[PDB]
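# An overview of the molecular structure
Spelled out from the first residue to the last, the chains are:
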Amino acid sequence: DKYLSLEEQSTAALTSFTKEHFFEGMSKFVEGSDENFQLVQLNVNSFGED
Amino acid sequence: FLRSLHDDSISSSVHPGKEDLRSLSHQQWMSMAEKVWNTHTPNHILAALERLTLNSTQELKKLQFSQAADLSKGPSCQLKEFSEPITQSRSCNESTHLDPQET
């Protein structure tokens, strides 16, 4: 159990990494929404001012 | 062993001779694995695995912090000349001439 929990933490850490570096703008919105983690369809389009 | 299987899958060059070496490598792992399970107590082996898992998470966090800093690192910063040559340490890959990376 203890081992599997540590692995979960490791997986969580890996997940945070993948979000920040592959999915550019999301740090601001991580705080509030508790519940249903639905895989928000990351519309790529917005960034480029240009 | 797993990495070798991964590299082979990406490089489409199915070189037809690499299977016999794979098996030997699996067997070698099994034997070694068995020896480990016979030489050490299961609680010790599990503890060792927990520790190894801590290290991986730590390394991932360090990379993120450095990598995230790189994203937040854009060029005003002046070439500070710091001195000391120890050994070489040209680059993690081995060499780094390239950074003309002018914007």
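Reading the values: rules and limits
Along each chain, numbering proceeds from 1 in written sequence order. Entry numbering may differ, and residues lacking coordinates are not shown. Numbering of ligands from 1 and lettering of chains from A proceed in the order in which they are written. Values throughout refer to the chains shown here, themselves only part of a larger assembly. Computation of side-chain values: all heavy atoms of the structure, hydrogens and water removed. Every patch collects residues that have over 30% relative accessible area and no salt bridge, joining them within 9 Å if they carry like charges and within 5 Å if they are nonpolar side chains (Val, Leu, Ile, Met, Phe, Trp, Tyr). Residue burial considers only the protein chains on display, and all accessible areas are found by Shrake-Rupley using a 1.4 Å probe. Salt bridge, as used here: a side-chain nitrogen of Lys or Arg that lies within 4 Å of a carboxyl oxygen of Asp or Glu. Helix and strand labels come from DSSP, where a helix needs a run of H or I of at least four residues and a strand needs a run of E of at least two; each type is numbered from the N terminus. Contacts: residue pairs with any heavy atoms within 4.5 Å of one another. Defined here as a combined quantity, buried area equals the accessible surface (1.4 Å probe) lost by two parts on assembly, summed across both. Each polar contact in these results corresponds to two N or O atoms within 3.5 Å; when the atoms are within protein, one needs to be able to donate a hydrogen and the other to accept it, and residues that are neighboring in sequence are counted only if both atoms are side-chain atoms. Three categories are distinguished: nonpolar for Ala, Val, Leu, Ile, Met, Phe, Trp, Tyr, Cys and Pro, charged for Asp, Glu, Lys and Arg, and polar for the others, with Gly belonging to the last. How far a helix is expected to stretch is found by multiplying one less than its residue total by 1.5 Å. Relative accessibility decides the category of a residue: with a 1.4 Å probe and only protein chains considered, values under 20% of the type maximum give buried, values over 50% give exposed, and everything between is partly exposed.

Method of determination for the deposited model, per the PDB record: cryo-EM, at 33 Å resolution.

## Focus: a nonpolar patch on the surface
Taken together, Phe22(A), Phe23(A), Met26(A), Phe29(A) and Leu42(A) make up a surface patch of nonpolar side chains, about 570 Å² in accessible area. In this fold, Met26(A) is placed in the segment after α1 (2–22).

## Examining the interface of chain A and chain B
Chain A puts eleven residues into the contact, and the matching count from chain B is twelve residues. The largest per-residue losses of area from chain A upon contact with chain B belong to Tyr3(A), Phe17(A) and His21(A), which jointly make up 48% of the total buried on that side. Summed over the shared surface of chain A and chain B, the number is zero salt bridges. Taken together, the connections running from chain A to chain B amount to two residue pairs in polar contact. Split into classes, the residues belonging to the side of chain A that touches chain B amount to five nonpolar, three polar and three charged.

## A look at helix α3 (residues 42–71) of chain B
The terminal C-alpha atoms of α3(B), which comprises 30 residues, lie 43 Å apart, in line with the 44 Å expected from a rise of 1.5 Å per residue. For α3(B), the complete set of buried residues consists of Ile45(B), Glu50(B), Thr53(B), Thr57(B), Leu60(B), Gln64(B) and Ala68(B). Of the surrounding elements, those touching the buried residues of α3(B) are α1 of chain A together with α2 (20–39) of chain B.

## Focus on the pattern of salt bridges
All names here are of chain B. In this structure the tally under the stated criterion is two salt bridges over all chains. Between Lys18 and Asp8 there is a salt bridge, with the nearest N and O atoms lying 3.2 Å from each other. In this pair, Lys18 sits in the loop between α1 (2–10) and α2 while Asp8 sits in helix α1, placing the two residues ten residues apart along the sequence. The partner of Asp8 in a salt bridge is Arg22, and the shortest N-O contact between them spans 2.4 Å. A residue pair is termed long-range when its members are at least 10 positions apart, and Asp8 in helix α1 and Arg22 in helix α2 qualify at 14 residues. Judged by relative accessible area, which is 23%, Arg22 ranks as partly exposed. Each of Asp8, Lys18 and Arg22 takes part in a single network of salt bridges with overlapping partners.

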